[PDB]
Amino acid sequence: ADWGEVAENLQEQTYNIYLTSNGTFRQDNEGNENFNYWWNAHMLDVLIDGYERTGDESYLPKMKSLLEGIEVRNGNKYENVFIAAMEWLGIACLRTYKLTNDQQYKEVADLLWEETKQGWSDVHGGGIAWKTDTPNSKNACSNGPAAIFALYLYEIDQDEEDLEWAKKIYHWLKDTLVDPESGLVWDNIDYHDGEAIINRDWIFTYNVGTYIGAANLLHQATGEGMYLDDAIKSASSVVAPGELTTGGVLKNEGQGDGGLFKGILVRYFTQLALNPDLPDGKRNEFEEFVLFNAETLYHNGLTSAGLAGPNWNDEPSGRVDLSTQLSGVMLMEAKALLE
C-alpha cells in the first residue's frame, strides 16, 4: 500500500463513518449528530485533496452536496458569529473555484470575504476579531486564515486591494503574536482590566501553520525574500525539538477543535516544502518530518478501520471526533502529495 492508497482508504472510512444529513459530516462516530461549521469546512478541504490526487470526478458531487449542506445546517445562511469559521470555508471555496471554475463557490467566498474584513479594527493596533461578539480579542486563528483567504482571492481576481489586505494582516500578526526568536505563534491578544495581555502559553500547531501558509503565499505573490525567510524560520522551529513535538511527532492537542490543529499545520508546512525557492536541504528535512509523522500514525495511531486519534502515537480507544479524523486524512494526503 503506497501513500496514495493509504490516503484513499482514510477518505473512504471518513465518508462512510461521518456522512450524515444534507451531505454534511457528523461531529463524532458515536452519539453526536451536531453540525460543526468549521470542521465541515475542513472536510471540504479534504475532499479537494482527494480530487487533486486522483482526478476522480466522483469527488465533485460530494464537494457540492457539502457546500450546500453547510448552508442548510447553519440555519439557511453562510454567516457565522465565529469569523475564523467563515475564513476557513472561504479558503476551501476559492481552492475549489481555482480547480473547477464553479461560480457557486466563488459567490459564497465573496460573501465570506466581506464579513471577514468587517472584523478588522485598530484595537491592539489591528487584527481581525475572533467573533463579531468579541472585538477586543484578536486571535492568530482569525488572522492567519484571513491572510491566506486574501492571497487566494488575489491569485483569482488580481485586485491590489486583496494583496494590501494580506500584507496588513500578516504585518500585524508578525508584529503582535509571533515570537521573534522561534517564529512560533502566540494564540491571541485581548484586554483584561486595562492591560493588553498576550497568551504566550497557548502555542498551537495550527496557528504557526497558518502563519507559515500566509508567509509562503506572500512570497509567491510578491517575491519578497523576507516572507520565505519567516516561513523557513517558523517551519525549522516546528521540526526542531520543542513545544509542538514529542519524540519527533506533532503532539497530542486533544479532541474537539484541537483535533483539527495538526492537520492544518501539515497542510501548509507541506505547501512550504513544495515552494521551488526552498533550499534543497530544508526540503529534505521537511519531507522527512512529514514522512515520520505519517509512518507513526499509520503504524501506531490508526485503528484497523482507519480512524485516527488525537495522539498519532496511540490508537484511540473510544469516541473519535470528525476534527481528529480530518487531521489524520490531511497528514496522509500531504504525504501522498510529497511523493
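One rule holds for the numbers: they count along the sequence shown, beginning at 1.
- Between 128-136 and 72-80, the higher mean Cα B-factor belongs to 128-136.
- Comparing 277-285 with 35-43, the higher mean C-alpha B-factor in the PDB entry belongs to 277-285.
- Out of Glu87, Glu243, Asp175, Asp187, it is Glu243 whose C-alpha atom has the highest B-factor in the PDB entry.
- For the set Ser327, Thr24, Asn9, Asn16, the maximum C-alpha B-factor listed in the entry falls on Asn9.
- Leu66: CA B factor lies in the lowest third for its chain, per the PDB record.
- The PDB entry assigns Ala150 a C-alpha temperature factor belonging to the lowest third of its chain's modelled residues.
- Among the modelled residues of its chain, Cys141 has a C-alpha B-factor that falls in the lowest third according to the deposited record.
- Placement of the Cα temperature factor of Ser234 within the chain: middle third of the modelled residues, per the deposited record.
- Among the modelled residues of the chain, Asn311 sits in the middle third by CA temperature factor in this PDB entry.
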